[PDB]
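> I'm passing along model_15.txt; it holds compact mmCIF, C-alpha atoms and all ligand atoms.
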# COMPACT_ATOMS: atom_id res chain seq x y z
CA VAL A 131 0.00 0.00 0.00
CA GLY A 132 2.89 2.35 0.96
CA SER A 133 4.67 1.80 -2.41
CA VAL A 134 1.46 2.63 -4.40
CA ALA A 135 0.77 5.75 -2.20
CA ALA A 136 4.40 6.96 -2.74
CA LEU A 137 4.14 6.29 -6.54
CA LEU A 138 1.00 8.53 -6.75
CA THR A 139 2.68 11.36 -4.72
CA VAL A 140 5.78 11.37 -7.04
CA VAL A 141 3.51 11.24 -10.18
CA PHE A 142 1.29 14.05 -8.75
CA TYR A 143 4.23 16.35 -8.05
CA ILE A 144 5.92 15.72 -11.48
CA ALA A 145 2.60 16.35 -13.31
CA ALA A 146 1.87 19.55 -11.29
CA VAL A 147 5.40 20.88 -12.07
CA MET A 148 4.87 19.98 -15.81
CA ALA A 149 1.39 21.62 -15.91
CA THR A 150 2.74 24.87 -14.16
CA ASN A 151 5.41 25.09 -16.91
CA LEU A 152 3.15 24.29 -19.87
CA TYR A 153 -0.15 26.06 -19.04
CA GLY A 154 0.81 28.53 -16.29
CA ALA A 155 1.23 31.63 -18.50
CA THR A 156 -1.87 31.06 -20.68
CA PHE A 157 -4.13 29.73 -17.82
CA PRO A 158 -2.81 31.37 -14.52
CA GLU A 159 -5.97 30.65 -12.31
CA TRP A 160 -5.64 26.90 -12.92
CA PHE A 161 -1.84 26.38 -13.33
CA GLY A 162 -0.10 29.72 -12.40
CA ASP A 163 1.88 28.23 -9.48
CA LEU A 164 2.62 24.70 -8.13
CA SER A 165 -0.22 24.94 -5.48
CA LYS A 166 -2.95 25.94 -8.06
CA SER A 167 -1.64 23.10 -10.36
CA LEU A 168 -1.78 20.41 -7.56
CA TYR A 169 -5.38 21.49 -6.69
CA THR A 170 -6.45 21.48 -10.39
CA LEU A 171 -4.88 18.04 -11.07
CA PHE A 172 -6.71 16.67 -8.01
CA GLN A 173 -9.99 18.08 -9.51
CA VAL A 174 -9.02 16.47 -12.88
CA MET A 175 -8.44 13.13 -11.02
CA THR A 176 -11.96 13.26 -9.35
CA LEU A 177 -13.19 13.88 -12.99
CA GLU A 178 -14.97 17.13 -11.96
CA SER A 179 -15.40 19.48 -15.01
CA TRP A 180 -12.16 18.02 -16.44
CA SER A 181 -13.15 18.49 -20.10
CA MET A 182 -15.79 21.31 -20.29
CA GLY A 183 -14.30 23.29 -17.40
CA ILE A 184 -10.50 22.81 -17.92
CA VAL A 185 -9.24 20.64 -20.90
CA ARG A 186 -11.42 22.10 -23.74
CA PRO A 187 -10.54 25.81 -22.80
CA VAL A 188 -6.84 24.72 -22.57
CA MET A 189 -6.91 22.83 -25.95
CA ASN A 190 -8.11 26.05 -27.73
CA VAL A 191 -4.60 27.47 -26.97
CA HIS A 192 -2.59 24.16 -26.69
CA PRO A 193 -4.14 21.64 -29.21
CA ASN A 194 -2.08 18.68 -27.96
CA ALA A 195 -3.06 19.19 -24.21
CA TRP A 196 -4.99 15.82 -24.44
CA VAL A 197 -1.58 13.97 -24.57
CA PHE A 198 -0.97 15.28 -21.02
CA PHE A 199 -4.45 15.07 -19.45
CA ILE A 200 -5.91 11.78 -20.88
CA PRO A 201 -2.89 9.62 -19.73
CA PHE A 202 -2.81 11.56 -16.37
CA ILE A 203 -6.51 10.55 -15.88
CA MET A 204 -5.97 6.91 -17.05
CA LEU A 205 -3.00 6.49 -14.65
CA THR A 206 -4.29 8.36 -11.50
CA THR A 207 -7.86 6.89 -11.78
CA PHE A 208 -6.30 3.38 -12.00
CA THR A 209 -3.71 4.00 -9.21
CA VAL A 210 -6.27 5.55 -6.74
CA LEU A 211 -8.68 2.60 -7.34
CA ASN A 212 -5.72 0.17 -6.90
CA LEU A 213 -4.67 2.01 -3.66
CA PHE A 214 -8.22 1.96 -2.17
CA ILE A 215 -8.80 -1.75 -3.09
CA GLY A 216 -5.28 -2.56 -1.76
CA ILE A 217 -5.98 -0.80 1.59
CA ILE A 218 -9.40 -2.58 1.92
CA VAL A 219 -7.95 -6.10 1.20
CA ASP A 220 -4.99 -5.53 3.62
CA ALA A 221 -7.44 -4.46 6.41
CA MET A 222 -9.50 -7.71 5.95
CA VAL B 131 -20.79 -2.78 8.18
CA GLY B 132 -22.70 -1.06 11.04
CA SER B 133 -19.48 0.42 12.53
CA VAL B 134 -18.43 1.91 9.12
CA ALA B 135 -22.00 3.31 8.51
CA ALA B 136 -21.99 4.93 12.02
CA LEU B 137 -18.45 6.37 11.45
CA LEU B 138 -19.65 8.09 8.22
CA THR B 139 -22.78 9.54 9.96
CA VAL B 140 -20.66 11.05 12.82
CA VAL B 141 -18.08 12.41 10.27
CA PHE B 142 -20.92 13.84 8.09
CA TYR B 143 -22.57 15.66 10.99
CA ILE B 144 -19.25 17.09 12.36
CA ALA B 145 -18.23 18.31 8.85
CA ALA B 146 -21.68 19.90 8.18
CA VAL B 147 -21.54 21.71 11.58
CA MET B 148 -17.94 22.90 10.71
CA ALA B 149 -18.99 24.03 7.19
CA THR B 150 -22.10 25.93 8.62
CA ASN B 151 -19.73 27.83 10.95
CA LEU B 152 -16.95 28.52 8.44
CA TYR B 153 -18.79 29.29 5.16
CA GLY B 154 -22.40 29.97 6.24
CA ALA B 155 -22.13 33.79 6.41
CA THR B 156 -20.22 34.23 3.11
CA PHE B 157 -22.04 31.40 1.18
CA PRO B 158 -25.63 31.15 2.69
CA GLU B 159 -27.27 29.12 -0.21
CA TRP B 160 -24.73 26.29 0.26
CA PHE B 161 -23.87 26.40 4.01
CA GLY B 162 -26.36 28.85 5.70
CA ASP B 163 -27.81 26.18 8.04
CA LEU B 164 -27.05 22.52 8.98
CA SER B 165 -29.66 21.13 6.45
CA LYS B 166 -28.17 23.09 3.46
CA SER B 167 -24.62 22.03 4.64
CA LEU B 168 -25.51 18.25 4.86
CA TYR B 169 -27.04 18.43 1.34
CA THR B 170 -24.00 20.29 -0.11
CA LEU B 171 -21.47 17.93 1.59
CA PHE B 172 -23.41 14.97 0.11
CA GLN B 173 -23.11 16.66 -3.36
CA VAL B 174 -19.35 17.19 -2.67
CA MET B 175 -19.07 13.44 -1.78
CA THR B 176 -20.77 12.36 -5.11
CA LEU B 177 -18.12 14.71 -6.72
CA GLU B 178 -20.84 16.74 -8.51
CA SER B 179 -19.57 20.31 -9.33
CA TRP B 180 -17.38 20.12 -6.20
CA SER B 181 -14.63 22.38 -7.56
CA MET B 182 -16.14 24.61 -10.32
CA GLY B 183 -19.55 24.88 -8.63
CA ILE B 184 -18.61 25.09 -4.89
CA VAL B 185 -14.87 24.96 -3.83
CA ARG B 186 -13.40 27.52 -6.33
CA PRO B 187 -16.14 30.20 -5.52
CA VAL B 188 -15.52 29.48 -1.77
CA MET B 189 -11.66 29.69 -2.10
CA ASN B 190 -11.98 33.25 -3.60
CA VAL B 191 -13.17 34.34 -0.09
CA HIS B 192 -11.49 31.57 2.07
CA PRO B 193 -8.12 30.66 0.39
CA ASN B 194 -7.46 27.67 2.68
CA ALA B 195 -10.93 26.02 2.04
CA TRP B 196 -9.04 23.15 0.24
CA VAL B 197 -7.72 21.94 3.69
CA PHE B 198 -11.38 21.20 4.60
CA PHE B 199 -12.80 19.89 1.29
CA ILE B 200 -9.91 17.76 -0.15
CA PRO B 201 -9.53 15.58 3.05
CA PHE B 202 -13.40 15.44 3.36
CA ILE B 203 -13.50 14.02 -0.23
CA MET B 204 -10.52 11.61 0.35
CA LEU B 205 -12.14 10.23 3.55
CA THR B 206 -15.87 10.02 2.49
CA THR B 207 -15.07 8.63 -1.02
CA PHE B 208 -12.89 5.92 0.65
CA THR B 209 -15.43 5.19 3.47
CA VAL B 210 -18.49 4.96 1.10
CA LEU B 211 -16.54 2.59 -1.25
CA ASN B 212 -15.42 0.56 1.85
CA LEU B 213 -19.08 0.47 3.12
CA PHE B 214 -20.51 -0.68 -0.27
CA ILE B 215 -17.75 -3.34 -0.79
CA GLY B 216 -18.22 -4.44 2.86
CA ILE B 217 -22.02 -4.84 2.42
CA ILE B 218 -21.52 -6.80 -0.88
CA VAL B 219 -18.90 -9.23 0.62
CA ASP B 220 -21.07 -9.81 3.78
CA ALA B 221 -24.13 -10.63 1.57
CA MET B 222 -22.11 -13.26 -0.41
CA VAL C 131 -27.46 -11.29 -11.52
CA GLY C 132 -30.91 -11.54 -13.19
CA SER C 133 -32.74 -10.78 -9.90
CA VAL C 134 -30.60 -7.63 -9.27
CA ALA C 135 -31.07 -6.44 -12.93
CA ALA C 136 -34.89 -6.94 -12.63
CA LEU C 137 -34.94 -5.10 -9.23
CA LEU C 138 -33.23 -2.04 -10.82
CA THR C 139 -35.67 -2.02 -13.82
CA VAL C 140 -38.75 -2.09 -11.49
CA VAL C 141 -37.18 0.65 -9.23
CA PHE C 142 -36.28 2.76 -12.34
CA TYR C 143 -39.80 2.59 -13.77
CA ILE C 144 -41.52 3.37 -10.39
CA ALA C 145 -39.17 6.35 -9.78
CA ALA C 146 -39.67 7.71 -13.35
CA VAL C 147 -43.49 7.47 -12.95
CA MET C 148 -43.19 9.24 -9.51
CA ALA C 149 -40.89 11.99 -10.90
CA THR C 150 -43.27 12.60 -13.96
CA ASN C 151 -46.14 13.12 -11.47
CA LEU C 152 -44.25 15.29 -8.97
CA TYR C 153 -42.02 17.52 -11.17
CA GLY C 154 -43.56 17.19 -14.65
CA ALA C 155 -45.66 20.39 -14.58
CA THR C 156 -43.01 22.65 -12.98
CA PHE C 157 -39.99 21.12 -14.85
CA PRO C 158 -41.38 19.76 -18.25
CA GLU C 159 -37.94 19.42 -20.10
CA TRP C 160 -36.63 17.06 -17.41
CA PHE C 161 -39.80 15.23 -16.21
CA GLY C 162 -42.69 16.19 -18.60
CA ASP C 163 -43.31 12.60 -19.79
CA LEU C 164 -42.16 9.08 -18.73
CA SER C 165 -39.37 9.01 -21.44
CA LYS C 166 -37.82 12.40 -20.36
CA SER C 167 -38.04 11.19 -16.68
CA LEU C 168 -36.27 7.80 -17.41
CA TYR C 169 -33.46 9.67 -19.29
CA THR C 170 -33.09 12.27 -16.47
CA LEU C 171 -33.02 9.60 -13.70
CA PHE C 172 -30.32 7.73 -15.67
CA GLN C 173 -28.30 11.04 -15.77
CA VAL C 174 -28.95 11.43 -11.99
CA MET C 175 -27.66 7.83 -11.48
CA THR C 176 -24.37 8.54 -13.44
CA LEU C 177 -24.14 11.61 -11.06
CA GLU C 178 -23.87 14.04 -14.01
CA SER C 179 -25.03 17.59 -12.98
CA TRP C 180 -27.43 15.95 -10.49
CA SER C 181 -27.34 18.82 -7.97
CA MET C 182 -26.32 22.05 -9.83
CA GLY C 183 -28.08 21.07 -13.07
CA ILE C 184 -31.28 19.33 -11.79
CA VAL C 185 -31.87 18.98 -7.96
CA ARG C 186 -31.05 22.59 -6.84
CA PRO C 187 -33.35 24.19 -9.59
CA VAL C 188 -36.08 21.64 -8.58
CA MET C 189 -35.68 22.32 -4.79
CA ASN C 190 -36.35 26.09 -5.38
CA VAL C 191 -39.96 25.04 -6.28
CA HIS C 192 -40.19 21.70 -4.29
CA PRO C 193 -38.08 22.12 -1.06
CA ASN C 194 -38.36 18.45 -0.05
CA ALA C 195 -37.15 17.10 -3.51
CA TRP C 196 -33.97 15.80 -1.69
CA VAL C 197 -36.15 13.06 0.00
CA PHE C 198 -36.74 11.64 -3.52
CA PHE C 199 -33.33 12.17 -5.19
CA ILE C 200 -30.80 11.41 -2.38
CA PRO C 201 -32.30 7.91 -1.60
CA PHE C 202 -32.72 7.28 -5.41
CA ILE C 203 -28.94 7.97 -5.79
CA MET C 204 -27.95 5.91 -2.68
CA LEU C 205 -30.01 2.90 -3.91
CA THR C 206 -29.23 2.96 -7.72
CA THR C 207 -25.47 3.73 -7.20
CA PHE C 208 -25.29 0.75 -4.76
CA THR C 209 -27.42 -1.60 -6.98
CA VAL C 210 -25.49 -0.80 -10.24
CA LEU C 211 -22.13 -1.38 -8.44
CA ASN C 212 -23.57 -4.64 -6.95
CA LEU C 213 -24.82 -5.70 -10.45
CA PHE C 214 -21.45 -5.00 -12.16
CA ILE C 215 -19.41 -6.74 -9.38
CA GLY C 216 -21.93 -9.64 -9.45
CA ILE C 217 -21.59 -10.05 -13.26
CA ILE C 218 -17.74 -9.91 -13.03
CA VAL C 219 -17.53 -12.55 -10.21
CA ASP C 220 -20.02 -14.89 -12.04
CA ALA C 221 -17.92 -14.65 -15.27
CA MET C 222 -14.71 -15.68 -13.35
CA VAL D 131 -6.67 -8.49 -19.71
CA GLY D 132 -5.33 -8.09 -23.29
CA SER D 133 -8.60 -9.39 -24.84
CA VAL D 134 -10.72 -6.89 -22.79
CA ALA D 135 -8.31 -3.97 -23.65
CA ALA D 136 -8.51 -4.88 -27.41
CA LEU D 137 -12.36 -5.17 -27.22
CA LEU D 138 -12.58 -1.59 -25.80
CA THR D 139 -10.21 -0.19 -28.51
CA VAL D 140 -12.32 -1.76 -31.35
CA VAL D 141 -15.60 -0.52 -29.68
CA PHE D 142 -14.08 2.98 -29.18
CA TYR D 143 -13.00 3.31 -32.81
CA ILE D 144 -16.36 2.00 -34.22
CA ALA D 145 -18.34 4.39 -31.94
CA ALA D 146 -16.13 7.42 -32.85
CA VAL D 147 -16.55 6.65 -36.60
CA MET D 148 -20.38 6.33 -36.03
CA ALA D 149 -20.51 9.59 -34.01
CA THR D 150 -18.42 11.49 -36.72
CA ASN D 151 -21.00 10.37 -39.32
CA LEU D 152 -24.14 11.03 -37.27
CA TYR D 153 -23.37 14.27 -35.36
CA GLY D 154 -20.34 15.74 -37.17
CA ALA D 155 -22.28 18.13 -39.45
CA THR D 156 -24.66 19.47 -36.76
CA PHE D 157 -22.09 19.46 -33.86
CA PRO D 158 -18.59 20.04 -35.48
CA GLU D 159 -16.67 21.05 -32.24
CA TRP D 160 -17.56 17.71 -30.60
CA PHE D 161 -17.78 15.24 -33.55
CA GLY D 162 -16.44 17.08 -36.70
CA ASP D 163 -13.59 14.56 -37.28
CA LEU D 164 -12.47 11.18 -35.82
CA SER D 165 -9.93 12.85 -33.39
CA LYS D 166 -12.59 15.24 -31.88
CA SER D 167 -15.05 12.23 -31.67
CA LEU D 168 -12.53 9.93 -29.82
CA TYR D 169 -11.80 12.76 -27.32
CA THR D 170 -15.54 13.48 -26.75
CA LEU D 171 -16.44 9.75 -26.38
CA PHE D 172 -13.63 9.45 -23.79
CA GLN D 173 -15.19 12.46 -21.92
CA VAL D 174 -18.62 10.73 -22.20
CA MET D 175 -17.03 7.53 -20.73
CA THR D 176 -15.57 9.47 -17.68
CA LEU D 177 -19.21 10.81 -17.34
CA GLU D 178 -18.01 14.45 -17.47
CA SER D 179 -20.86 16.79 -18.66
CA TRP D 180 -22.22 13.87 -20.74
CA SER D 181 -25.87 14.95 -20.52
CA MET D 182 -25.97 18.75 -19.81
CA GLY D 183 -22.83 19.50 -21.84
CA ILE D 184 -23.18 17.07 -24.83
CA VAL D 185 -26.25 14.69 -25.03
CA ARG D 186 -29.08 17.21 -24.26
CA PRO D 187 -27.76 19.81 -26.88
CA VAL D 188 -27.40 16.89 -29.39
CA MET D 189 -30.94 15.48 -28.65
CA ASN D 190 -32.49 18.92 -29.53
CA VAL D 191 -31.40 18.19 -33.16
CA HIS D 192 -31.30 14.30 -33.06
CA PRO D 193 -34.11 13.12 -30.66
CA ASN D 194 -32.98 9.46 -30.69
CA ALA D 195 -29.28 10.27 -29.76
CA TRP D 196 -29.92 8.49 -26.37
CA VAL D 197 -30.01 5.09 -28.26
CA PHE D 198 -26.32 5.71 -29.13
CA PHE D 199 -24.99 7.35 -25.93
CA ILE D 200 -26.79 5.41 -23.11
CA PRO D 201 -25.65 1.92 -24.37
CA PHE D 202 -22.14 3.39 -25.14
CA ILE D 203 -21.96 4.52 -21.45
CA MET D 204 -23.40 1.20 -20.08
CA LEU D 205 -20.86 -0.84 -22.12
CA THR D 206 -17.65 1.30 -21.71
CA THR D 207 -18.27 2.01 -17.96
CA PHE D 208 -18.70 -1.79 -17.42
CA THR D 209 -15.70 -2.76 -19.66
CA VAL D 210 -13.28 -0.18 -18.09
CA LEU D 211 -14.28 -1.33 -14.55
CA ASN D 212 -13.87 -5.00 -15.70
CA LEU D 213 -10.42 -4.14 -17.23
CA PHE D 214 -9.17 -2.34 -14.07
CA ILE D 215 -10.47 -5.10 -11.70
CA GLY D 216 -9.00 -7.74 -14.08
CA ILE D 217 -5.55 -6.04 -14.08
CA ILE D 218 -5.61 -5.71 -10.23
CA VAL D 219 -6.58 -9.42 -9.64
CA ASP D 220 -3.93 -10.65 -12.18
CA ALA D 221 -1.21 -8.56 -10.40
CA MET D 222 -2.10 -10.14 -6.99
BR BR E 1 -9.94 10.47 -4.05
BR BR E 2 -24.07 2.68 -15.79
NA NA E 3 -18.98 14.14 -12.48
NA NA E 4 -17.96 9.78 -11.05
NA NA E 5 -20.36 17.84 -13.51
Starting from the file, give its structure as structure tokens.

Amino acid sequence: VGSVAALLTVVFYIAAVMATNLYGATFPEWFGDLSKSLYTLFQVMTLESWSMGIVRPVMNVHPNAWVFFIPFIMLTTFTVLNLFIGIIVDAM
Amino acid sequence: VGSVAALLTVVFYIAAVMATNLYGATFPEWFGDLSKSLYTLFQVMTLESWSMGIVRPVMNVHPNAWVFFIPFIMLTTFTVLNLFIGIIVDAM
Amino acid sequence: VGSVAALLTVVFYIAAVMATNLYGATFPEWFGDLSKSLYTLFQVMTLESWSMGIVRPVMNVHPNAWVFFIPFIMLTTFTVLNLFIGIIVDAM
Amino acid sequence: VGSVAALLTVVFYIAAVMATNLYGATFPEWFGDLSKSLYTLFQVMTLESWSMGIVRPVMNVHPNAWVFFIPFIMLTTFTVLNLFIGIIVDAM
């Protein structure tokens, strides 16, 4: 469980650094600093307004933004589910 | 199953009291009384418009609001999933 | 699996009849006929805009609407998850 | 796991071709080409704004659009969950 939880933290910090660099200047409310980026990527992970609210407005400036966000979703959504199931099975 | 269901009820009432106190005055439609608070925190748990609809408007007045909401989500989303899986396994 | 799938169909039709009757006149686009109601309740089940998009506008006319929708969500979200897990385990 | 992952890829490409053909002319931002279609159908799968954001605007032009989208959701949401659970069990 600890290895999976540490993997997600490292992935979350690398992604939030990457997103600050890529979309910070063009989208400062969502990715203007590391803290705004970490909060936004958490929102993207929970799936909340990920496309209509964040990704589509971003893609109008950065067409390839889907190469960042879609894999981020596919990985974090799998890892979180694997972490929760892992913690539940270990507690049993 | 009963212990997990009781844990969530106690956590839900403490959070909705806390939210009434913190955000009630500045956001009365969402946290103006305990009943509005319990409804909103349920909506936050289901992930529905949690960030674009509630948390981002709140953070514009209370910058640290994420310290309340993010852990609330992480805990309730884990507990509910643990309660549903627990009820399914016990029925088998 | 068949018993769970039949339980959800009966619950979905009873709810969609109830919602047509209760909210049809005041909210015709969402519950004006049985077909619009069945579609809306499916959207409510997937959690999509359930509160900001449907339930909050409804509650402004019908304050108690949460007594219908919250249990509907709690039941269908549990049943669907139980049906999917049940179908997966039976296939193994 | 490989058979389930290949089934989803074939289903995703057939659906995105079908959606390009059906809704491309009337809704070009969402289904104007295969690339836009594949992105939108992924967003529909994650449940993000599927009804208020995409399906309801589409249904105002194509009333039967629900015959495409509802089964697409029911199938992909089941398959993805079956793929993730399958990958987790195989890793154990
Ligand atoms: Br989470
Ligand atoms: Br479903
Ligand atoms: Na959602
Ligand atoms: Na969801
Ligand atoms: Na939403």
> As a list in words, please: the residues near residue 195 of chain B (cut-off 10 Å, only C-alpha atoms, same-chain neighbours under 3 positions excluded).
residues 149, 152, 153, 185, 186, 188, 189, 190, 191, 192, 198, 199 and 200 of chain B
> What are the residues of chain C lining chain B at 9 Å or less? Count only C-alpha atoms, and put the answer as a list in words.
residues 177, 178, 179, 180, 181, 182, 196, 200, 208, 211, 212 and 215 of chain C
> Would you compute the distance between atom CA of residue 161 of chain D and atom CA of residue 167 of chain C? Give it in Å to one decimal.
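Interatomic distance here is 26.7 Å.
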> Show me, as JSON lines, the residues of chain B having an atom within 8 Å of ligand BR 1 (chain E), each with the closest atom pair and its distance in Å, using all atoms listed in the file.

{"residue": "B:203", "atom": "CA", "partner": "E:BR1", "partner_atom": "BR", "distance": 6.3}
{"residue": "B:204", "atom": "CA", "partner": "E:BR1", "partner_atom": "BR", "distance": 4.6}
{"residue": "B:205", "atom": "CA", "partner": "E:BR1", "partner_atom": "BR", "distance": 7.9}
{"residue": "B:207", "atom": "CA", "partner": "E:BR1", "partner_atom": "BR", "distance": 6.2}
{"residue": "B:208", "atom": "CA", "partner": "E:BR1", "partner_atom": "BR", "distance": 7.2}
> So which residues touch residue 131 of chain A within 7 Å, counting only C-alpha atoms, skipping near sequence neighbours fewer than 4 positions away, as an MDAnalysis selection string?
chainID A and resid 135 213 216:217
> Taking the point (2.1, 20.5, -5.4) as given in the file, collect each protein or nucleic acid residue that comes within 6 Å of it, counting only C-alpha atoms, and present the set as a PyMOL selection string.
chain A and resi 143+146+164-165+168
> Find the distance between atom CA of residue 151 of chain C and atom CA of residue 187 of chain C and write it in Å to one decimal.
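Between these atoms lies a distance of 17.0 Å.
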